[PDB]
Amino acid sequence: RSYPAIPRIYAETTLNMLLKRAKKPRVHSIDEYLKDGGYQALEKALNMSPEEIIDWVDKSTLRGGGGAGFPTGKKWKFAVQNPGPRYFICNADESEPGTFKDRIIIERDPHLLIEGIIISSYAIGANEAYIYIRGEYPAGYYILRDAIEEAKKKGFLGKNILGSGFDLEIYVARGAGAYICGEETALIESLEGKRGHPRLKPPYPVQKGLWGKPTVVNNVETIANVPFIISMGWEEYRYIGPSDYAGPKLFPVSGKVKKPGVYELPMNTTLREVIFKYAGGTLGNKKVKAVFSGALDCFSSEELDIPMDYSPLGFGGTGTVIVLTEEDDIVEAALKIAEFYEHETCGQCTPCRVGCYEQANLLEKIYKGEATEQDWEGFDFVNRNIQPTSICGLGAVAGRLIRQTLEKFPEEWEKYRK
């Protein structure tokens, strides 16, 4: 019955889909979910062929909400070209700074996620599925465990689900403090009971994943779309937002805004609109100085008119929007990003291992005003050289945001070199 205490993150939707229930800050149990027509998409799905479901998800143009925006249908297609058995994994590791969109689905509308996992699993022929939830989401973990039992009792999980002949078990695994275990191959390693060490890709999981078998990894948000696609059909879904970047997307907005929280919006929304139209503008009506796209990118106040889509010029990513205003020290903020990568490199690759450490170590000296000229030159050098030989995206991006602050706010860095 009782769960650990959760802060009641604000949530708003113009689309009333992913946040239809999760916009209210409490657990929605199966009866309330069923009352809203929940699990009818599953029933429909089980009356369809796996191939047909893949087809609909493909034609929906659904993309991954885990940050890379990879077409979900195409991913599934790849998996089913490979002999079974196959595995389905729901990625609930959500640990990138500023990003708290997935947890509100987990904690408030677990059946939406579960229903999505069951459909997705059926589509790719997986009889065994996993949720990997970070260990710092203990309430989400217990909520999911209880929801799964509820689903079992109403006959949505187990053997021969609703007479369909399809069997499914969903196991819930917990992380234990490593951001890198959100990387799909390191997640799989952790599920296999090992340290979270990414594997060289290719192969991609859909070719070789859990126990070496075809495995689809999708983010919570991605999977939560699937019931809607089956329910509405792909045509109506494609009618949501702009025709190319169609469908709902979640935007966790934090920092110097009046209304921090998660916003369910179409992807033609601009960054400026997220901040000023939806999130209520800035604290104290101060000027926006920068937006940090999690720990990935830094947008200046001259880049607010971009769409929140997966276009070349679009915001992309997980739609994470951290707002800094005119008073916030960019170098101090960059330090916090450096600290994050320092604390999360898994250490496999030498430039990443030493690079993330030295970036933080040197940047701290710069910040405290204890950096020699050599420390300055060294900082510049190491920021440009975390990436070489790296086998996953962390190494590839650990210097990216900080580099952007150096390019976009030179005058503020210059003052530190004094």
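In this text, residue numbers run from 1 along the sequence as written.
The PDB entry reports B-factors from which the mean C-alpha value can be compared for 109 to 117 and 312 to 320; the larger average falls on 312 to 320. Per-stretch averaging of Cα B factors for 276 to 284 and 171 to 179 places 276 to 284 on top. Note on the listed residues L42, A371, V27, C352: the highest Cα temperature factor in the record is that of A371. In this structure the maximum Cα B-factor among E96, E184, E302, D102 is found at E302. Annotation for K75: CA B-factor lies in the middle third of the chain's modelled residues. Ranked against the other modelled residues of its chain, the C-alpha B-factor of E149 as given in the entry falls in the middle third. When the modelled residues of the chain are ordered by C-alpha B-factor, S293 sits in the lowest third. Per the PDB record, residue ranking by Cα B-factor puts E192 in the middle third of the chain. Ranked by Cα temperature factor within the chain, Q348 sits in the middle third according to the deposited record.
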